[PDB]
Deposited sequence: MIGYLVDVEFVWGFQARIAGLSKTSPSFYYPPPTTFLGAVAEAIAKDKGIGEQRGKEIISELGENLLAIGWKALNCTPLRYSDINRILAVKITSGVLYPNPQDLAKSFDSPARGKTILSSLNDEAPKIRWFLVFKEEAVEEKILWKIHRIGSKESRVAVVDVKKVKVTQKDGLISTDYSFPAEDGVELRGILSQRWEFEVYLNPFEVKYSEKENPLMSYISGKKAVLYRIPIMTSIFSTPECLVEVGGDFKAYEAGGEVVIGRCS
């Protein structure tokens, strides 16, 4: 097992047009996990040549992928166009999956990802080379990467990272507020039942309402799922 903590600073936000697919939510608070994985895959491909291919390789080795805002709150264009109040734009809009990340302080908006792999699946240096997550316009800079040893746990844990919400994972209590729901393409590939190899996965995602309050919850984890811990950082993934 090996974990990576990756801090990513966004210029403005992102667009992930897979919001247009029937499986996924019709808009996104956060970049989908397959979108983040696609960026890793692209960075790996460039540092070589050419499909890929590689994204499915990452998915086969992936045990967990969770994320949390460090200093920002998402503002979906669906929220924006609503405040501004026609709606053929609810179907296949050019701006589908486009979301602004509003900083709560004077820094650029930042999100931290915590990925866990069955073994070392990517050169640490490569992670530093991610320049977009989502569309061409969704520009970012990676500002920290840390490779960590993780411990596998089950039972009751606390987490401030997003997590898949399938049978075996139970949100027992919200400790600090704003945990939304969002449906993504499943990032887990199989070379194992409730996460199996279904096409879509339901996640609970934290939404920060104040620079000082990180959303947190107590979660019971069993069945096909485990919690992976490195120091205070805990992310829920599959066994």
Missing residue ranges, deposited sequence indexing starting at 1: 51 to 54, 90 to 102, 209 to 216, 265
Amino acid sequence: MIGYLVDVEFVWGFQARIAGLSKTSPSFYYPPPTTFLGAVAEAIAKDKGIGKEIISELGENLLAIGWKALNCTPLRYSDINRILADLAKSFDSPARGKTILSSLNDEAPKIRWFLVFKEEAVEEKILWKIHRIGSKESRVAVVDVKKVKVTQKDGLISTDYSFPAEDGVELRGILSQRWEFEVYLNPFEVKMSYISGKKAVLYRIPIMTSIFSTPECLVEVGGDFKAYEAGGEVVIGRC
From here on, numbers count along this sequence of modelled residues.
Between 147 to 155 and 107 to 115 (mean CA B-factor, as deposited), the higher: 147 to 155
Stretch exceeding the other in mean C-alpha B-factor - 230 to 238, 4 to 12: 230 to 238
C-alpha B-factor winner, where the candidates are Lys125, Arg76, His131, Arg96: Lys125
Candidate set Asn186, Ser176, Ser56, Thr35 [ranked by C-alpha B-factor, highest]: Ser56
Chain third (lowest, middle, highest) by recorded CA B-factor, residue given as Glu170: middle
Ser162 - Cα temperature factor, lowest/middle/highest third of chain: lowest
Chain-relative CA temperature factor third for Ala200: middle
Lowest, middle or highest third - CA B-factor, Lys89: highest
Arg82 by Cα B-factor - lowest, middle or highest third of the modelled chain: highest
